[PDB]
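Here the structure comes first, spelled out in structure tokens, and everything after it is commentary.
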Amino acid sequence: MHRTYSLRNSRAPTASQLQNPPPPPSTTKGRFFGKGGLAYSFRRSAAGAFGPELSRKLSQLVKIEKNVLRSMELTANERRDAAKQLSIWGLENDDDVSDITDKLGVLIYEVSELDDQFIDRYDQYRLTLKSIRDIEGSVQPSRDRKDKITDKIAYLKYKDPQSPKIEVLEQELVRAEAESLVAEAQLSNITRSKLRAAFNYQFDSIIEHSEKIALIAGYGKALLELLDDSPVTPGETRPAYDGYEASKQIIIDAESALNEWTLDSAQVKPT
Amino acid sequence: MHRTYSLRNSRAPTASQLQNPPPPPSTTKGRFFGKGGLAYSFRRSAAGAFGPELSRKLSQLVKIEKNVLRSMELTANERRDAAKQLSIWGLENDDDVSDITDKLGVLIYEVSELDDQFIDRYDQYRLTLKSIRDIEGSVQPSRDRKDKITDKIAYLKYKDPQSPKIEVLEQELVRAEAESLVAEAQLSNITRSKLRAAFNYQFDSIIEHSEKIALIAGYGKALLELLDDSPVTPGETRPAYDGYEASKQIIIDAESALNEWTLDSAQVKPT
Amino acid sequence: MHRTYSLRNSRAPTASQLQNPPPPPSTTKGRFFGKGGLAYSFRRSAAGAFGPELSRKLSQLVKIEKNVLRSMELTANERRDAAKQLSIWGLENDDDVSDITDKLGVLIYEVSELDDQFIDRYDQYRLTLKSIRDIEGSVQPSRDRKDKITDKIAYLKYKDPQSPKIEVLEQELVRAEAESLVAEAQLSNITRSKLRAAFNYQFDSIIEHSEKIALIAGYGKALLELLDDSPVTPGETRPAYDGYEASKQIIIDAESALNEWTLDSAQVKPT
């Protein structure tokens with residue numbers, strides 16, 4: 001995190017912040033709750049109350065990420081609707097504005113499609129986490145039985161050491177202890193192997209999505225040169241638009257670069 | 001778009017799709033509507049019914065992108081909650097799992113903060129679009145007056161050419177035509193100059209966010225090597241964790257790279 | 001298709017569209033359904049509900065193309081009626097108009113006859129498709145039996161592995177598997193050989209019909225020069241018509257060209 005040695009909510013600015021000052025906080029952060037939905041905030045609480053004790057926090061994480069997934073599909077549909085609206089609105093303006101808006105809407109629709117693919121990959125990762133949630137929830141009854149049986153052993157040996165079930169309960173306890181030891185070993189292996197794999201898949205999806213949107217942004221930034229900021233005096237008017245071929249070539253190149261992109265084609269090199 | 005010469009919904013696979021087959025569609029795409037909220041789908045319709053005719057589609061786009069912004073802040077809060085839940089859940093597991101989960105939660109919280117910054121930039125871009133929406137909505141009464149006055153001229157010249165207001169209405173029409181010509185010129189300039197600038201700012205925010213999340217993904221992928229997939233037999237147990245310094249160095253390097261990142265530091269080079 | 005990189009229903013204009021702007025949409029596209037008939041839209045649904053599962057979409061295609069054929073015979077009868085009506089109406093006008101209308105009606109009747117011949121060829125192609133529909137519908141019971149028998153094998157081997165019918169059912173399954181393999185091979189060969197042949201015959205009929213109507217259109221366009229656009233002042237009147245021989249020669253040449261036309265005589269050379 002970009003925090004600092006301070007007792008205030010202010011954070012340490014970065015190079016981008018120094019070059020570009022941050023905008024004021026969004027006007028869409030209205031004071032209702034930031035909730036999004038009542039079911040959104042109640043599903044998590046319902047999942048975190050019932051079920052096995054061991055599989056409680058993990059179930060909460062699964063439900064929270066399911067809400068993440070729902071909100072992401074909502075924002076993907078919203079963004080594709082915004083692209084459609086921009087494409088529709090581009091008609092009323094000049095030819096150059098119309099073409100630029102159409103290409104920008106195409107790029108935003110492509111971004112929405114990539115978001116949907118990332119949504120599918122995120123659901124795959126969520127199911128991978130659900131598997132470990134289920135196995136830990138199934139493991140929990142073993143240790144619950146172990147503690148119940150050891151409590152019974154302590155109670156019987158305290159109330160009457162010369163009980164008829166003097167050693168049968170102890171032998172059952174030791175075999176349950178062996179079963180619980182095997183269960184704990186397999187739980188550790190599976191949890192730690194599907195955490196490092198589900199999160200690896202999630203990070204692969206993250207980097208692929210980020211690279212694709214970065215390519216989209218770069219190609220749109222290069223396309224935006226066809227639009228002109230030259231202002232016209234009220235009497236005058238521009239000559240006819242002639243940059244159709246340039247826009248066509250740039251969108252063809254964008255599509256080709258997106259198709260060619262692979263895991264090894266990522267230019268991001270962390271240090 | 002990655003479409004193909006086909007009459008089916010199937011799309012042309014890319015290099016990543018060929019290398020990695022796509023997962024099945026998400027189980028969170030439940031059949032209610034995909035709506036998200038009733039207000040979400042009614043605000044747009046309300047904005048697209050009233051107001052000036054010219055500033056109707058643009059108002060719909062503004063409202064749709066406001067819904068985009070709300071859903072994005074919702075998903076940012078959801079993701080930060082997921083990071084907090086993962087950090088909390090990391091306690092119950094081994095020391096290495098605890099440390100890895102803590103660092104992953106830190107990275108996800110950083111991603112959420114970057115999402116919030118992108119949300120602020122998106123709201124700035126939305127306000128930039130709102131400015132052109134307002135100016136076109138103010139321009140529309142001029143042309144509405146022009147058409148009303150020309151309709152009155154046609155009606156008067158058809159019903160009785162020798163009307164007392166024979167030429168005063170024509171002179172008022174020509175001065176209104178000059179005003180409308182100036183208005184159309186300034187509307188074209190401002191719309192086409194704030195579209196190429198608001199979208200340029202939006203694409204700058206997009207590429208910055210994408211590069212930052214790509215760096216986060218790469219650093220997390222490099223951090224995930226400290227986690228081990230080696231399985232332990234039920235009897236045995238590992239030696240104590242000793243990779244604290246490696247994780248500390250990798251998160252310090254991630255923070256330094258994020259702070260150092262600037263607009264010119266982007267390694268994405270579109271063709 | 002002549003689509004474009006756009007999010008609107010507008011299509012990319014062609015050279016003919018640039019030279020000749022497209023007319024407004026037809027006034028005969030009235031809002032009832034575009035149905036044509038209740039039986040037209042219910043026959044397909046009835047065919048697509050019953051019958052073998054494999055021979056379901058193909059039966060729907062056969063029924064839809066039967067409706068195509070019925071509507072084509074309807075339009076051929078309608079066009080021949082239009083030609084008859086034009087020939088009848090030509091009497092009330094001048095001699096040149098009468099002769100031109102008579103020859104145009106002859107050409108339209110010839111076009112209707114060619115449409116009827118194409119209708120017969122289309123029905124032949126539809127019967128060719130019906131043959132493969134029937135063979136796939138007969139093949140489907142084999143695989144249905146195979147799945148039923150393998151389901152029985154799984155059920156018997158799960159409920160009681162030491163069943164009296166331990167291996168007789170397996171041997172019956174393997175012989176059914178051999179029969180189904182032969183059936184699948186022959187189905188693939190026949191389907192893929194009668195698709196490439198029925199569609200080849202259909203395309204031969206298409207190109208022959210198109211060339212014949214193109215020759216008819218060219219000959220009618222050359223005949224329309226006998227009609228004169230010269231306007232007469234109210235007092236004056238033209239001399240008597242004398243272009244009977246020219247029209248006779250042009251229709252004789254049209255008939256000779258239509259008779260001489262063969263498959264190798266087509267001047268259309270695709271690239």
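In the structure tokens, chains take the letters A, B, ... in the order shown, each chain's residues start at 1, and ligands count up from 1 in the order shown.
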
I want to know what sits within 10 Å of residue A:225, based on only C-alpha atoms, with residues of the same chain fewer than 5 positions away left out; could you give that as a count of residues only?
5

Give me the residues within 12 Å of residue A:175 as JSON, numbers by chain, counting only C-alpha atoms and dropping any in the same chain fewer than 5 places off.
{"A": [142, 145, 146, 149, 168, 169, 170, 180, 181, 182]}

Just write the chosen residues, N, CA, C and O atoms, as a PDB file, in the first residue's frame.
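Full text of out02.pdb as output:
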ATOM      1  N   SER A 142     -14.685 -34.540  11.727  1.00  0.00           N
ATOM      2  CA  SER A 142     -13.712 -35.450  12.325  1.00  0.00           C
ATOM      3  C   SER A 142     -13.142 -34.873  13.616  1.00  0.00           C
ATOM      4  O   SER A 142     -13.135 -35.537  14.660  1.00  0.00           O
ATOM      5  N   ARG A 145     -15.774 -34.647  16.360  1.00  0.00           N
ATOM      6  CA  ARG A 145     -15.884 -35.950  17.001  1.00  0.00           C
ATOM      7  C   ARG A 145     -14.711 -36.207  17.938  1.00  0.00           C
ATOM      8  O   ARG A 145     -14.892 -36.757  19.029  1.00  0.00           O
ATOM      9  N   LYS A 146     -13.501 -35.812  17.532  1.00  0.00           N
ATOM     10  CA  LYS A 146     -12.331 -36.039  18.377  1.00  0.00           C
ATOM     11  C   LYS A 146     -12.450 -35.289  19.699  1.00  0.00           C
ATOM     12  O   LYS A 146     -12.205 -35.856  20.771  1.00  0.00           O
ATOM     13  N   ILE A 149     -15.183 -36.843  21.889  1.00  0.00           N
ATOM     14  CA  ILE A 149     -14.775 -38.113  22.476  1.00  0.00           C
ATOM     15  C   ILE A 149     -13.751 -37.896  23.583  1.00  0.00           C
ATOM     16  O   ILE A 149     -13.796 -38.564  24.622  1.00  0.00           O
ATOM     17  N   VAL A 168     -12.201 -49.187  25.894  1.00  0.00           N
ATOM     18  CA  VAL A 168     -12.797 -49.167  24.561  1.00  0.00           C
ATOM     19  C   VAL A 168     -12.889 -47.738  24.042  1.00  0.00           C
ATOM     20  O   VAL A 168     -12.592 -47.464  22.871  1.00  0.00           O
ATOM     21  N   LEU A 169     -13.292 -46.804  24.905  1.00  0.00           N
ATOM     22  CA  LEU A 169     -13.372 -45.408  24.495  1.00  0.00           C
ATOM     23  C   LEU A 169     -11.991 -44.851  24.175  1.00  0.00           C
ATOM     24  O   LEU A 169     -11.840 -44.062  23.240  1.00  0.00           O
ATOM     25  N   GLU A 170     -10.969 -45.259  24.932  1.00  0.00           N
ATOM     26  CA  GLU A 170      -9.610 -44.805  24.643  1.00  0.00           C
ATOM     27  C   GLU A 170      -9.118 -45.323  23.295  1.00  0.00           C
ATOM     28  O   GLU A 170      -8.476 -44.587  22.537  1.00  0.00           O
ATOM     29  N   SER A 180      -8.021 -38.366  12.215  1.00  0.00           N
ATOM     30  CA  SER A 180      -7.936 -36.913  12.205  1.00  0.00           C
ATOM     31  C   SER A 180      -6.557 -36.432  11.780  1.00  0.00           C
ATOM     32  O   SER A 180      -6.446 -35.390  11.135  1.00  0.00           O
ATOM     33  N   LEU A 181      -5.500 -37.163  12.135  1.00  0.00           N
ATOM     34  CA  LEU A 181      -4.166 -36.799  11.671  1.00  0.00           C
ATOM     35  C   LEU A 181      -4.061 -36.924  10.156  1.00  0.00           C
ATOM     36  O   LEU A 181      -3.532 -36.025   9.485  1.00  0.00           O
ATOM     37  N   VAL A 182      -4.578 -38.021   9.598  1.00  0.00           N
ATOM     38  CA  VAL A 182      -4.588 -38.165   8.144  1.00  0.00           C
ATOM     39  C   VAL A 182      -5.422 -37.057   7.508  1.00  0.00           C
ATOM     40  O   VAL A 182      -5.039 -36.477   6.481  1.00  0.00           O
TER      41      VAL A 182
END

Tell me the residues of chain C close to chain B, meaning within 12 Å using only C-alpha atoms, as number ranges by chain.
C: 1-7

Separating atom CA of residue A:123 from atom CA of residue B:26, to the nearest tenth of an Å, is a gap of 5.3 Å

Let me make sure I understand: among A:97, A:252, A:46, A:135, which one has the smallest atom-to-atom distance to residue A:190 if we use only C-alpha atoms?
A:135
